Amino acid sequence: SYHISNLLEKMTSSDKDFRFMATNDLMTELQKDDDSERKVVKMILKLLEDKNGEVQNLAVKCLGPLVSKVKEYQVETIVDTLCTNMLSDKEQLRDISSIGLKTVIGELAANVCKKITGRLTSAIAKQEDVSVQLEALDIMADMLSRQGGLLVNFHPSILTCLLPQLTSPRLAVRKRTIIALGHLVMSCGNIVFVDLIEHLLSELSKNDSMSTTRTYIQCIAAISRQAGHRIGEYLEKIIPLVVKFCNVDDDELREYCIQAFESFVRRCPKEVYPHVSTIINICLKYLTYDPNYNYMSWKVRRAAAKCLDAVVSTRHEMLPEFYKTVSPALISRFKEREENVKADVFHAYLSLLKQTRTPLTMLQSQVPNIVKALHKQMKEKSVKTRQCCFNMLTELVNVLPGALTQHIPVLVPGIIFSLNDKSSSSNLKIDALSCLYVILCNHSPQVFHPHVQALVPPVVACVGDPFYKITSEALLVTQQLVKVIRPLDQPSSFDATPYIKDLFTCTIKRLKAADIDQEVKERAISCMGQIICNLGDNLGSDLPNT
Amino acid sequence: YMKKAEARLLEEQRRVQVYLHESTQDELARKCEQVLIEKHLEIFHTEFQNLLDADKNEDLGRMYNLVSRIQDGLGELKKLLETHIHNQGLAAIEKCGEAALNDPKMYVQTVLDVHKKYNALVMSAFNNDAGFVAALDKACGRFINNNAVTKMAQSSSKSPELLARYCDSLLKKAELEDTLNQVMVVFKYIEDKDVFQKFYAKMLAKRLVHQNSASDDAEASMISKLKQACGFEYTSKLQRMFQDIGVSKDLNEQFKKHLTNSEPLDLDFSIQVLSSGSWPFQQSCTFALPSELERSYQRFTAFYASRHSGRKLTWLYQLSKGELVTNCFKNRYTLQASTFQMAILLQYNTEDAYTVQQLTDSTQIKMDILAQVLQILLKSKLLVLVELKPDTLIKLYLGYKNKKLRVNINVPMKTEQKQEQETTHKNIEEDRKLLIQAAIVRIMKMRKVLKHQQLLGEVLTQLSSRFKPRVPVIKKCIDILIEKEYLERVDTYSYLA
Amino acid sequence: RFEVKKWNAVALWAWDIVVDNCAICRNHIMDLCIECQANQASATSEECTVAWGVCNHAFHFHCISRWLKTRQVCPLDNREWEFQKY
Ligand SMILES: [Zn+2]
Ligand SMILES: [Zn+2]
Ligand SMILES: [Zn+2]
């Protein structure tokens, strides 16, 4: 009773240190009388306008826990004064009140929300000032994100003020309106959703301006992402408009249409079945769109490739159709100038390969084209392209074991070139070694016999690399190489004498180190054991020491 | 085996519901769960590690569902997941090498990839449990602050600097909102946020002064996000610079209107008048203004003296730029250059060669600055004679050829970035010391007599939101406060007013 | 021959009331304090730096720190003092 009075007396001491410490002590006490409530509330409200920034920050932080302890009546006046200060001319008042109101909303019931909704709806409709509009829109989005189910009676009121703002000259207002509309749709009634959907279709049926069609398509994509199943009934009407707008010459408009197609494919799978062929055809048509260059237009290509990836990664019953039409387009598009779209199409075909695991026969038939297209890209100076090529080979061999029986002579030199390259990074070397290991583990030993003379030196060099991850990968590859050069369960005519000494010499140094990491120790032990098991008869006097 | 166990549990439930009594349900469920799960916990842990090593999300979810039926059975899984995430992040950062030291994009993208992958795993497989999200947060906080990159720099403050540089790179000249949100997600785990704030303020000031920003909306969104995450004082500090920019624009427009009435000037003139206490820039080196710029200098000085009598203007010549259209070459060339390049280029018009001492006297530029700018000009193929000696003769190369009509010869120097970074880190150190001193003084003002441990605890709980102080620096601050006669010792200190 | 088309310049403004010297002590703002100069070099002499305020007034850190122990008003204006630079 006396400590509170002392704190309130000291919070007006004309010295910043005393005010700061008193506010900190007050916040500590609240985190741990009816008349005292009014004085505390008024003092916090007045310190919101204090000269010192630290005191203002402390007051804003203290407004949070205050609402829980204080009775229901004073929360109303706190909200009222914050909303009133939100419309003041001063910038500091405006933003400090915005932060305080956000803090109040975060720590929170239906009574205050009604007044907040009324004030925000009144403020947003005014277009004279845009800062107030933006702050009110963001606070409404925050209020709708959580405990938004208590505003059932106010949804039409929010709706009729949100929709007029999609034609505002400022783009930030449009984006915040889209966010707020998505949050509203996430939890709302049935009639409001129908009203919004028919409104969007109504002003999409008429093309009033180019700048507004873009934001309408973006909004439809937003509801498609947020609601999902609730928009599947209107796809029969939505799709033809997007198809019509795809053909428009504007480059920016096309990308949003393709993104909307991708969102429809991803979110509502059951109702998108009749339009899958149309979406696939549009994406295939616009995957190779490049008017200036003949063998800013890469955004549409990225969108088309991403939509193809979304289509392939979800549907599993269309695999024959995919291998009939989608795969040749991507394989022909492997040679694209832009690196980002190249990564996108590589990811799309990797998703197709993952979905594959009859389709296997079609994949085997397509393998030669894949190898021919990948061999050209293996010579590029960019690390990312080579990394994607190695990942694709690894995935292809994993899905199909004996895929590359007839293409080892053309595939080995690329791996060799990537391994002994100064510009190559650690990731590229590791991925190349992993690809070589996967290739060796899933092929007949007789294929690699002519290429051992070119495979052994780079691997031996990789064993001595200072970085230990590459050493571990090289030892793992060396084990399989030893198993390959001298098989024990099959008869072979290959001579393994020249390559024994190099492998033993490179492995023994890692075997007796006593300072290297644990993984390299385990790999060295395993590799030396395999060496002794397979080719230990040709070793000299080093076997007892080993 | 996990699928078999689930099927057997469902079958037992059906059995006891159909043709047994209801009093047997709980006992049968307990016995079946114990026999089928609790006796194979070590095997389950080993398989959990194996499935973490080779990504199989469905199996992880099934294991989580199975082990959830045993009291205190999820702790080992949480510990294993935390260790795995920590090791994966460290390995991912280590593979970058020495390139990540000066490439913020690679560093931040690696961190973001690891965090996104394991956040998706936690939400999908583990049903977004509190323990698993806590383990993910702990692992992220461990591997973000200390890693291979921080060991090369011998400090844990490299990560906030790299994050700030990545933000600057993004904001210089639709998907930007997502990456900004991801960056702000990363910012939550940073222990030293003051370094991030200082560096971001520096880069924002540089962006505003030179007018190279992608858009104003992106800047506003970043300010809003920083308001959500950081405090209110930092945002006020940034809004001060924004207001100064607006005031400078208005003053420039007013001066443009004033110039119409009088005689027009011979060149296009724009000025950025800024407050000296709200911006991080420092006083420029000694410099003599070339004679052809004196008209605009005097005109604007007189205009500002008339408009504001009580203020004086200090000119920064290391942040000014302009155009030098030349007609003494093979064809017409226009080039973008700073004031220093103008001084060491416009000085000779009818002559062809100079010695550095004569050029130094003419331009009044210091030694190192002149050497660096001359090196930059020499590698631009606009000057011909590698080391610059005091007796060297430098002459213009006639007939310089370029493949583009517009040429930019304004390239940052090599040592400038390192010097700026070192200065910023030092300044962060003195600000930390001063903040500690101020906190101690305020605490001792509030409490007349206090102990040592209570003082330390209060200082750390007051400064925690920005940086974590150390005991030696707090002790040194206390000792230097005693020397200044602020508090006196009676291990217990008392405030001496 | 070289010709100039445009010139973009950056300038800083500060109060001209003080002739490049501290108000409390009549010494140059880049020099040391009176107490610092009188006393021997020590840890305190290391942290002698100019301090700015919201009102864009610059004094020595030691000078304003000593002044603020008894008062809470800037020497050159009747407004409260708030640090904003070091
Ligand atoms: Zn002084
Ligand atoms: Zn001093
Ligand atoms: Zn003042």
# chains A, B, ... in the order shown; residues from 1 in each chain; ligands from 1
call {"tool": "interface_residues", "arguments": {"of": "chain C", "to": "chain A", "cutoff": "12 Å", "atoms": "only C-alpha atoms", "output": "compact mmCIF listing (two decimals) with N, CA and C atoms, in the first residue's frame"}}
result
# COMPACT_ATOMS: atom_id res chain seq x y z
N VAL C 54 20.69 15.24 -28.07
CA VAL C 54 19.55 15.37 -28.99
C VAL C 54 19.46 16.79 -29.52
N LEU C 68 25.95 16.86 -14.85
CA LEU C 68 24.66 16.21 -14.65
C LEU C 68 24.49 15.62 -13.26
N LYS C 69 25.54 15.58 -12.44
CA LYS C 69 25.41 15.01 -11.10
C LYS C 69 24.46 15.83 -10.24
N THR C 70 24.36 17.13 -10.49
CA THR C 70 23.49 18.01 -9.71
C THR C 70 22.31 18.55 -10.50
N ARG C 71 22.46 18.79 -11.80
CA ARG C 71 21.40 19.33 -12.64
C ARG C 71 21.00 18.31 -13.69
N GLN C 72 19.89 18.61 -14.38
CA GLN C 72 19.37 17.75 -15.43
C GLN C 72 18.96 18.58 -16.64
N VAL C 73 19.74 19.61 -16.96
CA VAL C 73 19.43 20.54 -18.03
C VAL C 73 20.70 20.85 -18.80
N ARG C 79 16.29 22.65 -21.99
CA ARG C 79 15.67 21.35 -22.22
C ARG C 79 16.47 20.25 -21.55
N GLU C 80 15.80 19.13 -21.30
CA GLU C 80 16.45 17.99 -20.67
C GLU C 80 17.51 17.39 -21.58
N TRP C 81 18.53 16.79 -20.97
CA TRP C 81 19.65 16.22 -21.69
C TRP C 81 19.43 14.74 -21.94
N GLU C 82 19.72 14.30 -23.16
CA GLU C 82 19.64 12.89 -23.53
C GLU C 82 20.79 12.58 -24.48
N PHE C 83 21.62 11.61 -24.11
CA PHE C 83 22.75 11.24 -24.94
C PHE C 83 22.27 10.56 -26.22
N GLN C 84 22.94 10.86 -27.33
CA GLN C 84 22.63 10.20 -28.59
C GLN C 84 23.85 9.84 -29.43
call {"tool": "interface_residues", "arguments": {"of": "chain B", "to": "chain C", "cutoff": "7 Å", "atoms": "only C-alpha atoms", "output": "PyMOL selection string"}}
result
chain B and resi 267-277+310-316+319-328+346+349
call {"tool": "atom_distance", "arguments": {"atom1": "CA of residue 198 (chain A)", "atom2": "CA of residue 114 (chain A)"}}
result
27.2 Å
call {"tool": "residues_near_ligand", "arguments": {"ligand": "ligand 2", "cutoff": "12 Å", "atoms": "only C-alpha atoms and all ligand atoms", "output": "PDB file with C-alpha atoms, in the first residue's frame"}}
result
ATOM      1  CA  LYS B 484      35.392   9.163 -10.276  1.00  0.00           C
TER       2      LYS B 484
ATOM      3  CA  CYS C  22      33.745  23.075 -24.861  1.00  0.00           C
ATOM      4  CA  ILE C  24      31.962  24.305 -19.593  1.00  0.00           C
ATOM      5  CA  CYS C  25      35.762  24.387 -19.972  1.00  0.00           C
ATOM      6  CA  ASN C  27      39.496  24.083 -24.129  1.00  0.00           C
ATOM      7  CA  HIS C  28      39.384  22.694 -27.650  1.00  0.00           C
ATOM      8  CA  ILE C  29      36.844  19.915 -28.129  1.00  0.00           C
ATOM      9  CA  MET C  30      39.550  17.562 -29.444  1.00  0.00           C
ATOM     10  CA  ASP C  31      41.816  18.146 -26.422  1.00  0.00           C
ATOM     11  CA  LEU C  32      41.540  16.715 -22.904  1.00  0.00           C
ATOM     12  CA  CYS C  33      39.450  17.873 -19.960  1.00  0.00           C
ATOM     13  CA  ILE C  34      40.732  20.269 -17.312  1.00  0.00           C
ATOM     14  CA  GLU C  35      40.592  17.501 -14.701  1.00  0.00           C
ATOM     15  CA  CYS C  36      42.140  15.027 -17.145  1.00  0.00           C
ATOM     16  CA  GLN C  37      44.944  17.451 -18.019  1.00  0.00           C
ATOM     17  CA  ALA C  38      45.636  18.330 -14.377  1.00  0.00           C
ATOM     18  CA  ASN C  39      45.681  14.682 -13.300  1.00  0.00           C
ATOM     19  CA  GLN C  40      48.139  12.049 -14.474  1.00  0.00           C
ATOM     20  CA  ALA C  41      47.262   9.709 -17.329  1.00  0.00           C
ATOM     21  CA  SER C  42      45.223   6.729 -16.136  1.00  0.00           C
ATOM     22  CA  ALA C  43      42.225   4.594 -17.091  1.00  0.00           C
ATOM     23  CA  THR C  44      39.982   7.668 -16.919  1.00  0.00           C
ATOM     24  CA  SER C  45      42.207   9.483 -19.429  1.00  0.00           C
ATOM     25  CA  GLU C  46      41.617   6.640 -21.907  1.00  0.00           C
ATOM     26  CA  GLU C  47      37.838   7.184 -22.133  1.00  0.00           C
ATOM     27  CA  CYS C  48      37.926  10.948 -22.804  1.00  0.00           C
ATOM     28  CA  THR C  49      35.643  11.450 -25.810  1.00  0.00           C
ATOM     29  CA  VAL C  50      33.238  14.047 -27.189  1.00  0.00           C
ATOM     30  CA  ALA C  51      29.562  13.412 -26.417  1.00  0.00           C
ATOM     31  CA  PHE C  59      30.678  18.700 -24.883  1.00  0.00           C
ATOM     32  CA  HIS C  60      33.360  16.529 -23.344  1.00  0.00           C
ATOM     33  CA  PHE C  61      31.924  13.372 -21.811  1.00  0.00           C
ATOM     34  CA  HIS C  62      33.580  14.092 -18.459  1.00  0.00           C
ATOM     35  CA  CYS C  63      32.372  17.710 -18.454  1.00  0.00           C
ATOM     36  CA  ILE C  64      28.709  16.868 -19.044  1.00  0.00           C
ATOM     37  CA  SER C  65      28.896  13.859 -16.708  1.00  0.00           C
ATOM     38  CA  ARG C  66      30.185  16.112 -13.921  1.00  0.00           C
TER      39      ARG C  66
END
call {"tool": "residues_around", "arguments": {"residues": "region 419-430 of chain A", "least_positions_apart": "5", "cutoff": "12 Å", "atoms": "only C-alpha atoms", "output": "tab-separated table (two decimals) with N, CA, C and O atoms, in the first residue's frame"}}
result
chain	number	residue	atom	x	y	z
A	378	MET	N	28.12	-31.17	-67.69
A	378	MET	CA	29.18	-31.50	-66.73
A	378	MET	C	30.46	-30.71	-66.94
A	378	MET	O	31.31	-30.71	-66.04
A	379	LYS	N	30.63	-30.05	-68.08
A	379	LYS	CA	31.85	-29.29	-68.36
A	379	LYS	C	31.75	-27.83	-67.95
A	379	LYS	O	32.72	-27.08	-68.14
A	380	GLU	N	30.62	-27.40	-67.40
A	380	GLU	CA	30.43	-25.99	-67.08
A	380	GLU	C	31.33	-25.56	-65.93
A	380	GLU	O	31.71	-26.37	-65.08
A	381	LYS	N	31.67	-24.28	-65.92
A	381	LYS	CA	32.52	-23.72	-64.87
A	381	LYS	C	31.76	-23.42	-63.59
A	381	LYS	O	32.40	-23.17	-62.56
A	382	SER	N	30.43	-23.43	-63.61
A	382	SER	CA	29.65	-23.16	-62.42
A	382	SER	C	29.55	-24.40	-61.55
A	382	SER	O	29.34	-25.51	-62.05
A	383	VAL	N	29.71	-24.21	-60.24
A	383	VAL	CA	29.68	-25.33	-59.31
A	383	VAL	C	28.26	-25.89	-59.18
A	383	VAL	O	28.07	-27.11	-59.09
A	384	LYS	N	27.26	-25.02	-59.19
A	384	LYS	CA	25.88	-25.45	-58.94
A	384	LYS	C	25.39	-26.41	-60.01
A	384	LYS	O	24.71	-27.40	-59.71
A	385	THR	N	25.71	-26.14	-61.28
A	385	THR	CA	25.27	-27.01	-62.36
A	385	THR	C	25.86	-28.41	-62.22
A	385	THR	O	25.15	-29.41	-62.35
A	386	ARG	N	27.16	-28.49	-61.93
A	386	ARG	CA	27.80	-29.79	-61.76
A	386	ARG	C	27.25	-30.52	-60.55
A	386	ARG	O	27.07	-31.75	-60.58
A	387	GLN	N	26.98	-29.79	-59.47
A	387	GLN	CA	26.39	-30.40	-58.28
A	387	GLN	C	25.02	-30.99	-58.59
A	387	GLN	O	24.70	-32.11	-58.17
A	388	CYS	N	24.20	-30.25	-59.34
A	388	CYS	CA	22.89	-30.76	-59.73
A	388	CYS	C	23.02	-31.99	-60.62
A	388	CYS	O	22.24	-32.95	-60.49
A	389	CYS	N	23.99	-31.99	-61.53
A	389	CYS	CA	24.21	-33.15	-62.39
A	389	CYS	C	24.57	-34.38	-61.57
A	389	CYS	O	24.04	-35.48	-61.81
A	390	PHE	N	25.46	-34.22	-60.60
A	390	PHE	CA	25.85	-35.35	-59.76
A	390	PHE	C	24.67	-35.85	-58.93
A	390	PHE	O	24.48	-37.07	-58.77
A	391	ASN	N	23.87	-34.93	-58.39
A	391	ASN	CA	22.70	-35.34	-57.62
A	391	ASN	C	21.71	-36.11	-58.50
A	391	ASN	O	21.13	-37.11	-58.06
A	412	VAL	N	32.59	-41.33	-66.79
A	412	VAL	CA	33.76	-41.28	-65.91
A	412	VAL	C	34.58	-40.00	-66.09
A	412	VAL	O	34.95	-39.39	-65.07
A	413	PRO	N	34.90	-39.55	-67.31
A	413	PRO	CA	35.75	-38.35	-67.43
A	413	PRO	C	35.17	-37.11	-66.77
A	413	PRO	O	35.95	-36.29	-66.27
A	414	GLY	N	33.85	-36.95	-66.73
A	414	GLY	CA	33.28	-35.81	-66.03
A	414	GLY	C	33.57	-35.84	-64.54
A	414	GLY	O	33.94	-34.82	-63.95
A	435	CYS	N	28.58	-39.80	-55.74
A	435	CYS	CA	28.06	-40.32	-57.00
A	435	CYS	C	28.90	-41.49	-57.50
A	435	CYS	O	28.36	-42.49	-57.98
A	436	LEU	N	30.22	-41.37	-57.40
A	436	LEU	CA	31.10	-42.46	-57.82
A	436	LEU	C	30.87	-43.71	-56.98
A	436	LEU	O	30.84	-44.83	-57.50
A	437	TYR	N	30.69	-43.53	-55.67
A	437	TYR	CA	30.42	-44.67	-54.79
A	437	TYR	C	29.11	-45.35	-55.16
A	437	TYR	O	29.03	-46.58	-55.24
A	454	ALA	N	42.53	-44.68	-64.60
A	454	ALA	CA	42.19	-43.27	-64.47
A	454	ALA	C	41.40	-42.96	-63.21
A	454	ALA	O	41.31	-41.78	-62.83
A	455	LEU	N	40.83	-43.97	-62.55
A	455	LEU	CA	40.06	-43.72	-61.33
A	455	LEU	C	40.94	-43.71	-60.09
A	455	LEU	O	40.68	-42.96	-59.15
A	456	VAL	N	41.99	-44.55	-60.06
A	456	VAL	CA	42.78	-44.70	-58.84
A	456	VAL	C	43.53	-43.42	-58.45
A	456	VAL	O	43.46	-43.04	-57.27
A	457	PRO	N	44.25	-42.74	-59.35
A	457	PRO	CA	45.07	-41.59	-58.92
A	457	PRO	C	44.25	-40.46	-58.30
A	457	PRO	O	44.65	-39.93	-57.25
A	458	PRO	N	43.13	-40.04	-58.90
A	458	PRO	CA	42.35	-38.97	-58.25
A	458	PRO	C	41.82	-39.36	-56.88
A	458	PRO	O	41.80	-38.52	-55.97
A	459	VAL	N	41.41	-40.61	-56.69
A	459	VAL	CA	40.92	-41.04	-55.38
A	459	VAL	C	42.05	-41.06	-54.36
A	459	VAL	O	41.88	-40.63	-53.21
A	460	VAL	N	43.23	-41.55	-54.77
A	460	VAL	CA	44.38	-41.55	-53.87
A	460	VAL	C	44.74	-40.12	-53.47
A	460	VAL	O	45.06	-39.85	-52.31
A	461	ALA	N	44.67	-39.19	-54.43
A	461	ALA	CA	44.91	-37.78	-54.10
A	461	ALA	C	43.85	-37.25	-53.14
A	461	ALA	O	44.17	-36.49	-52.22
A	462	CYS	N	42.59	-37.64	-53.34
A	462	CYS	CA	41.52	-37.18	-52.46
A	462	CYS	C	41.66	-37.72	-51.05
A	462	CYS	O	41.18	-37.10	-50.10
A	463	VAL	N	42.31	-38.88	-50.88
A	463	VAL	CA	42.52	-39.42	-49.54
A	463	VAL	C	43.39	-38.48	-48.72
A	463	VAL	O	43.17	-38.31	-47.51
A	465	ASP	N	43.58	-35.23	-48.86
A	465	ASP	CA	43.07	-33.87	-48.75
A	465	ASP	C	43.01	-33.45	-47.28
A	465	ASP	O	42.55	-34.23	-46.44
A	466	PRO	N	43.48	-32.25	-46.93
A	466	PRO	CA	43.43	-31.83	-45.52
A	466	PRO	C	42.04	-31.85	-44.91
A	466	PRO	O	41.90	-32.18	-43.73
A	467	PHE	N	41.00	-31.49	-45.67
A	467	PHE	CA	39.65	-31.52	-45.13
A	467	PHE	C	39.21	-32.97	-44.92
A	467	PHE	O	39.36	-33.81	-45.81
A	468	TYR	N	38.68	-33.25	-43.73
A	468	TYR	CA	38.46	-34.64	-43.32
A	468	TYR	C	37.19	-35.25	-43.90
A	468	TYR	O	37.13	-36.48	-44.03
A	469	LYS	N	36.19	-34.45	-44.26
A	469	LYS	CA	35.00	-35.00	-44.91
A	469	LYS	C	35.36	-35.63	-46.25
A	469	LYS	O	34.89	-36.74	-46.58
A	470	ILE	N	36.20	-34.95	-47.03
A	470	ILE	CA	36.64	-35.50	-48.31
A	470	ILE	C	37.47	-36.75	-48.09
A	470	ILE	O	37.40	-37.70	-48.88
A	471	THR	N	38.27	-36.78	-47.02
A	471	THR	CA	39.04	-37.98	-46.70
A	471	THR	C	38.13	-39.16	-46.39
A	471	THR	O	38.37	-40.28	-46.85
A	472	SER	N	37.07	-38.92	-45.61
A	472	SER	CA	36.13	-40.00	-45.29
A	472	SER	C	35.44	-40.52	-46.54
A	472	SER	O	35.32	-41.73	-46.75
A	473	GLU	N	34.99	-39.60	-47.40
A	473	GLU	CA	34.35	-40.02	-48.65
A	473	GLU	C	35.31	-40.79	-49.54
A	473	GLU	O	34.94	-41.79	-50.16
A	474	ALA	N	36.57	-40.34	-49.61
A	474	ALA	CA	37.56	-41.02	-50.44
A	474	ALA	C	37.85	-42.42	-49.91
A	474	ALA	O	38.02	-43.35	-50.70
A	475	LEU	N	37.93	-42.58	-48.59
A	475	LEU	CA	38.14	-43.91	-48.03
A	475	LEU	C	36.95	-44.83	-48.31
A	475	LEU	O	37.13	-46.01	-48.63
A	476	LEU	N	35.74	-44.29	-48.19
A	476	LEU	CA	34.55	-45.08	-48.50
A	476	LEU	C	34.54	-45.52	-49.96
A	476	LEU	O	34.14	-46.64	-50.28
A	477	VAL	N	34.99	-44.64	-50.86
A	477	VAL	CA	35.09	-45.01	-52.27
A	477	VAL	C	36.20	-46.03	-52.49
A	477	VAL	O	36.07	-46.95	-53.31
B	91	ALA	N	28.53	-28.99	-39.23
B	91	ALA	CA	29.10	-29.58	-40.44
B	91	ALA	C	28.73	-28.77	-41.67
B	91	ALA	O	29.56	-28.61	-42.58
B	92	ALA	N	27.50	-28.28	-41.74
B	92	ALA	CA	27.08	-27.48	-42.89
B	92	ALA	C	27.87	-26.18	-42.97
B	92	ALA	O	28.27	-25.76	-44.07
B	93	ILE	N	28.10	-25.52	-41.83
B	93	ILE	CA	28.87	-24.28	-41.85
B	93	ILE	C	30.34	-24.56	-42.19
B	93	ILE	O	30.98	-23.80	-42.92
B	94	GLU	N	30.88	-25.67	-41.68
B	94	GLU	CA	32.30	-25.96	-41.88
B	94	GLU	C	32.64	-26.24	-43.34
B	94	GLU	O	33.76	-25.95	-43.78
B	95	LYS	N	31.70	-26.80	-44.11
B	95	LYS	CA	31.98	-27.15	-45.50
B	95	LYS	C	32.20	-25.92	-46.37
B	95	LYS	O	32.83	-26.04	-47.43
B	96	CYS	N	31.68	-24.76	-45.97
B	96	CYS	CA	31.85	-23.55	-46.78
B	96	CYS	C	33.32	-23.15	-46.87
B	96	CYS	O	33.80	-22.76	-47.94
B	97	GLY	N	34.05	-23.25	-45.76
B	97	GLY	CA	35.47	-22.94	-45.76
B	97	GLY	C	35.77	-21.49	-45.44
B	97	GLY	O	35.05	-20.86	-44.66
B	98	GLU	N	36.83	-20.95	-46.03
B	98	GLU	CA	37.20	-19.56	-45.81
B	98	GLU	C	36.39	-18.59	-46.66
B	98	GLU	O	36.48	-17.38	-46.45
B	99	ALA	N	35.60	-19.10	-47.61
B	99	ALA	CA	34.78	-18.21	-48.43
B	99	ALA	C	33.63	-17.61	-47.64
B	99	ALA	O	33.21	-16.48	-47.92
call {"tool": "residues_around", "arguments": {"residues": "region 57-66 of chain B", "least_positions_apart": "2", "cutoff": "10 Å", "atoms": "only C-alpha atoms", "output": "number ranges by chain"}}
result
B: 2-3, 5-6, 33, 36-38, 44-45, 47-49, 51-52, 54-55, 68-70, 73-74, 77, 121-122, 124-127
call {"tool": "write_last_selection", "arguments": {"atoms": "N, CA and C atoms", "output": "compact mmCIF listing (two decimals), in the first residue's frame"}}
result
# COMPACT_ATOMS: atom_id res chain seq x y z
N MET B 2 7.56 -51.71 -35.99
CA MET B 2 6.70 -50.66 -35.47
C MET B 2 5.28 -50.78 -36.01
N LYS B 3 5.14 -51.07 -37.31
CA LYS B 3 3.82 -51.30 -37.89
C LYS B 3 3.15 -52.52 -37.26
N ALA B 5 3.64 -53.68 -34.25
CA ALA B 5 3.23 -53.32 -32.89
C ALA B 5 1.96 -52.48 -32.89
N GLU B 6 1.85 -51.52 -33.82
CA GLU B 6 0.63 -50.73 -33.91
C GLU B 6 -0.57 -51.60 -34.22
N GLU B 33 1.62 -52.50 -24.00
CA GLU B 33 2.55 -51.43 -24.33
C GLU B 33 3.92 -51.69 -23.73
N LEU B 36 5.68 -54.66 -25.59
CA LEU B 36 5.97 -54.42 -27.00
C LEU B 36 6.87 -53.23 -27.26
N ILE B 37 7.03 -52.30 -26.31
CA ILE B 37 7.82 -51.09 -26.53
C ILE B 37 8.93 -50.94 -25.50
N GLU B 38 8.58 -51.01 -24.21
CA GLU B 38 9.52 -50.59 -23.17
C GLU B 38 10.71 -51.54 -23.04
N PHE B 44 15.19 -48.96 -30.20
CA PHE B 44 14.46 -47.82 -30.74
C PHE B 44 15.35 -46.58 -30.82
N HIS B 45 16.20 -46.37 -29.81
CA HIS B 45 17.10 -45.22 -29.84
C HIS B 45 18.12 -45.34 -30.97
N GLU B 47 17.77 -47.05 -33.75
CA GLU B 47 17.05 -46.84 -35.00
C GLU B 47 16.66 -45.38 -35.19
N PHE B 48 16.39 -44.66 -34.10
CA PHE B 48 16.11 -43.23 -34.20
C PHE B 48 17.31 -42.48 -34.75
N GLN B 49 18.50 -42.81 -34.25
CA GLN B 49 19.71 -42.19 -34.79
C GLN B 49 19.90 -42.54 -36.26
N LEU B 51 17.60 -43.34 -38.49
CA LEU B 51 16.60 -42.66 -39.31
C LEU B 51 16.84 -41.16 -39.36
N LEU B 52 17.47 -40.59 -38.33
CA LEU B 52 17.89 -39.19 -38.42
C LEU B 52 19.01 -39.02 -39.43
N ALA B 54 19.67 -40.83 -42.17
CA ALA B 54 19.09 -40.95 -43.50
C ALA B 54 17.62 -40.57 -43.41
N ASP B 55 17.28 -39.42 -43.99
CA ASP B 55 15.98 -38.79 -43.77
C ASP B 55 14.81 -39.69 -44.13
N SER B 68 5.44 -42.40 -27.36
CA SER B 68 4.64 -41.45 -26.60
C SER B 68 3.77 -42.11 -25.54
N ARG B 69 3.59 -43.42 -25.59
CA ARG B 69 2.73 -44.14 -24.66
C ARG B 69 3.46 -44.56 -23.38
N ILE B 70 4.75 -44.27 -23.26
CA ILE B 70 5.55 -44.65 -22.10
C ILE B 70 5.94 -43.39 -21.35
N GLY B 73 9.57 -41.24 -21.68
CA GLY B 73 10.26 -41.99 -22.71
C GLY B 73 10.76 -41.14 -23.85
N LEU B 74 10.37 -39.87 -23.88
CA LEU B 74 10.72 -38.97 -24.97
C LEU B 74 11.95 -38.12 -24.70
N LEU B 77 14.99 -39.16 -26.93
CA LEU B 77 14.77 -38.71 -28.30
C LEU B 77 15.04 -37.22 -28.45
N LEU B 121 10.71 -30.71 -40.15
CA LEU B 121 10.71 -32.04 -39.55
C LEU B 121 9.98 -32.04 -38.20
N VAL B 122 10.24 -31.03 -37.37
CA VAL B 122 9.60 -30.97 -36.06
C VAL B 122 8.09 -30.79 -36.20
N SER B 124 6.14 -31.60 -38.78
CA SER B 124 5.47 -32.72 -39.43
C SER B 124 5.51 -33.98 -38.58
N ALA B 125 6.72 -34.46 -38.26
CA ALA B 125 6.85 -35.77 -37.64
C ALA B 125 6.44 -35.75 -36.17
N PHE B 126 6.84 -34.72 -35.43
CA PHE B 126 6.71 -34.71 -33.98
C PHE B 126 5.51 -33.91 -33.49
N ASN B 127 4.58 -33.55 -34.38
CA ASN B 127 3.31 -32.94 -34.01
C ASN B 127 3.49 -31.59 -33.31
